[PDB]
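Heads up, the chain below is alone and in the form deposited in one PDB entry; it's given as structure tokens.
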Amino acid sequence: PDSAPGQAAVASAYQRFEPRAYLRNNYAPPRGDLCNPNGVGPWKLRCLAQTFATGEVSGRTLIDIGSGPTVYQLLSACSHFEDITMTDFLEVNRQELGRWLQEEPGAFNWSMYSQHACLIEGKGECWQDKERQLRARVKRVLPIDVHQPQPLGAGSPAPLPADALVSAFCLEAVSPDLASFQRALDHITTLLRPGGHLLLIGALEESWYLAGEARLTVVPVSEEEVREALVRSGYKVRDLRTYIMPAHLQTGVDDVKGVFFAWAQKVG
């Protein structure tokens, strides 16, 4: 059928996306409490840390797809990639990342995430060093639209193809349905070299979340749907794990039921 109408709804909805509210809802406590090892924050960081710890995910260039105003997803990654591209649809998110890169006080504070990353990576690294490295390795912050066949546009800055991709809570949150999801997955997969790796994190069985005024629509997906989409896009699934959101982390900022983390290698 027609993809344009659905995409236009999404783009419209995100014009009301408020980065601060979003940061507060997802990365401040209770969800942003990293003290409980059973929490979602620690689980995510652990998936990322353990994956990079295999040494199997490395190279020169990495691209973060739909970064938003967050950086936690790149904390463990930055030690393995000299060149990191961050990306987002919204200018206001790109600016938010701009505040953090300039180490402004106005910026969101990721230090609890940085510290927790250093802690689980087990190298005795101090968080200030972790943060300094990330800031050094982010070579550009780019506009992106995963719905376009060339999500970064034509003749764009990013070194292509990238050795690896990271994406957290993007696809399912900008895709009106499973078919749009699959197409978005196919588009970003063009940015990854063959043999490259994708690290994918997202909400399971979610239909909405709040970002200030904006109550945005999410395509509820299942683990098996995520798995099939990855296979469909030409990936071997190396790892796919599920975190079940505990009742007390269900706070009415969304209707998420769980979080998935996928490690996939693009067949080449």
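Quick note: we count residues from 1 along the sequence shown, nothing fancier. What we label the rigid core is the largest C-alpha set whose atoms superpose within 1.5 Å from one form to the other.
Higher mean CA temperature factor, per the PDB entry, when comparing 154 to 162 with 175 to 183: 154 to 162. For the pair 232 to 240 and 39 to 47, the mean Cα B-factor is higher in 232 to 240. When the CA B factors of the chain's modelled residues are split into thirds, the value for residue 129 lands in the lowest one. Residue 115: CA B factor in the lowest third of modelled residues in this chain (values from the PDB entry). The entry lists a Cα temperature factor for residue 32 that places it in the highest third of the chain's modelled residues. Ranked within its chain, residue 259 lands in the lowest third, by CA B factor from the PDB record. In the deposited entry, the Cα temperature factor of residue 54 sits in the top third of values across the chain's modelled residues.
Omitted here: the form deposited in another entry. The next part is about that form.
Comparing the two forms between this form and the one not shown on the rigid core, the single residue of 57, 48, 218, 226 with a CA shift of 2 Å or greater is 218. Residue 253 shows a C-alpha shift of 2 Å or greater between this form and the one not shown [criterion: core-superposed Cα displacement of 2 Å].
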